[PDB]
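Only one structure is covered here, and it is reproduced in the block below.
Readers should treat all values here as calculations from the given coordinates under stated rules, not as data from a laboratory. Counting neighbours? That spans all protein chains shown, and the Cβs are built from the backbone with ideal geometry, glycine included.
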Amino acid sequence: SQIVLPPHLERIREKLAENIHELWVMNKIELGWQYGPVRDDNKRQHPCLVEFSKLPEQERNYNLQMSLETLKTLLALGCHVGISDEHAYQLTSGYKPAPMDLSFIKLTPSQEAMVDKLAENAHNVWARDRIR
């Protein structure tokens, strides 16, 4: 939780979370639903279509608790990463965010190895949530 991050990439990681959040619009628009007041998937009520830096920490609380600690542990997951760069068709059902073509950009095997370790951490917090 309390892993210190460099102060240059504070807002950059928020736009990086916003580039994550616009895909968080997209993966839950690919289920075929729509915006709504409540958070009900089967009733086309998904309030998380507004972006990251736009919404407060009630409709943007699930990704902000996730994508921050996905970055917070990634700097100290037994590897090394630092400042490298900036915060860088299916017509959707109300907003179409696609600033970059993420299939023109490649991933690697040390990339997905830290993804499962971050998936190990949060699922154990999900096990810590499933104590009761």
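Of all residues being among the hydrophobic types (A, V, I, L, M, F, W, C) and more than 22 Å from residue 9 (Cα to Cα) in the stretch 38-75, which is surrounded by the fewest Cβ atoms within 10 Å (Cβ to Cβ)? Just the residue, please. Among residues in the stretch 38-75 that are among the hydrophobic types (A, V, I, L, M, F, W, C) and more than 22 Å from residue 9 (Cα to Cα), the one surrounded by the fewest Cβ atoms within 10 Å (Cβ to Cβ) is 38. Among the residues that make up the stretch 88-106, is at least one of them within 17 Å of the chain's Cα centre (by Cα), under 19 Å from residue 68 (Cβ atoms) and exposed (fewer than 10 other Cβ atoms within 10 Å of the Cβ)? No, because not a single residue in the stretch 88-106 is within 17 Å of the chain's Cα centre (by Cα), under 19 Å from residue 68 (Cβ atoms) and exposed (fewer than 10 other Cβ atoms within 10 Å of the Cβ). Only residues that are in contact with a helix residue (DSSP H, G or I) (Cβ under 6 Å, 6 or more places away or on another chain) and within 16 Å of residue 123 (Cα to Cα) were counted across the stretch 51-70, and they come to 3.
With respect to being on the phi > 0 side of the Ramachandran plot and either touching a helix residue (DSSP H, G or I) at 6+ places or on another chain (Cβ under 9 Å) or assigned to a helix (DSSP H, G or I) (or both), residue 94 fits the description. If you go through the stretch 76-118 and keep only what is of a type in the set (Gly, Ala, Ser) and either touching a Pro at 6+ places or on another chain (Cβ under 6 Å) or closer than 22 Å to residue 15 by Cα (or both), you end up with 76, 82, 84, 88, 94, 98, 103.
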